[PDB]
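Just the one chain here, laid out as structure tokens, in the form deposited in one PDB entry.
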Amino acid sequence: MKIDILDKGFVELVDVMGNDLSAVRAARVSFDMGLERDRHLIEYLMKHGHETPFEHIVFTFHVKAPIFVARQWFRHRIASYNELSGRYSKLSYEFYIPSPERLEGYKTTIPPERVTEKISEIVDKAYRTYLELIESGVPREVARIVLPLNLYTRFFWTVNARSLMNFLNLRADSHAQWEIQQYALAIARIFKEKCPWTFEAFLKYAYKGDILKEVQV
């Protein structure tokens, strides 16, 4: 399962542990019980605020995204991350270039096409300078500081269902930057495919965001 986001990014599901029944399973222990009834428990827990059972469902994603996007994403402390290093590796020529449609809805002095053009020009000069510094023997950890925030980076993300839901509440929302919204939708799609009952219950009883109720999957 891999989903393309923006111009060069993506969200890919690396691994998953458990399913909706994992949460049903965990929840049952409270009443010395085990695993149509199970589906009803998910709703109950969701609408009543029993979030802990969903912590036993865990996902590991492989994400390709712009650093300005990663910086916001990494603010979610209840999860695990492992990212590409700008200190250790030679960064490749890959940057997020917004399409003219990105400025749809805003009045600008210069054409959307020009805006897209200027971002590219800057990206191009920045990367050349970066390579020139490295070729000259400048340490990678120093040379990379001239690279812009729209530079693509990669990382693994292991997070459980409760934290992922908090993530969707905050990122699969209109107040979050459009770019991370797009990633959140892909995360939602995958979440829905692996835990359909929890997902449906989540949208109907606890989701606090606004876009997942208008945009399918």
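Note that the rigid core is defined as the largest set of C-alphas that superpose within 1.5 Å between two forms. Shifts are known only where both forms have a C-alpha. Throughout, we count residues from 1 along the sequence that is shown.
Residue-level annotation: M33 lacks coordinates in a third or more of the other entries compared, counting only those that model residues on either side of it. Coordinates are given for every deposited residue between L170 and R171; the gap count there is zero.
Just going by the entry, 179-187 versus 44-52 on mean CA temperature factor gives the higher value to 44-52.
Per-stretch averaging of Cα B factors for 3-11 and 208-216 places 208-216 on top. The entry assigns its greatest Cα B factor, within the set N82, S99, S85, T129, to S99. Ranking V29, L164, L149, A70 by the C-alpha B-factor listed in the PDB entry places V29 at the top.
Annotation for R140: C-alpha temperature factor in the middle third relative to the rest of the modelled chain, per the entry. Per-chain ranking of the deposited C-alpha B factor places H76 in the lowest third.
One more form of this protein, deposited in another entry, exists but is not displayed; see below.
Only one entry in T109, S80, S92, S136 has its C-alpha moved by 2 angstroms or more between this form and the one not shown when the rigid core is superposed, and that entry is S92. Closer approach of the C-alpha atoms of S89 and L13, by 3 angstroms or more, is seen in the other entry than in the present form.
The pair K90 and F156 is at least 3 angstroms closer at the CA level in the other entry than in the present model.
Every Cα shifting by 2 Å or more, across three or more consecutive residues, marks a moved region; comparing between this form and the one not shown on the rigid core, these regions are 29-32, 86-93.
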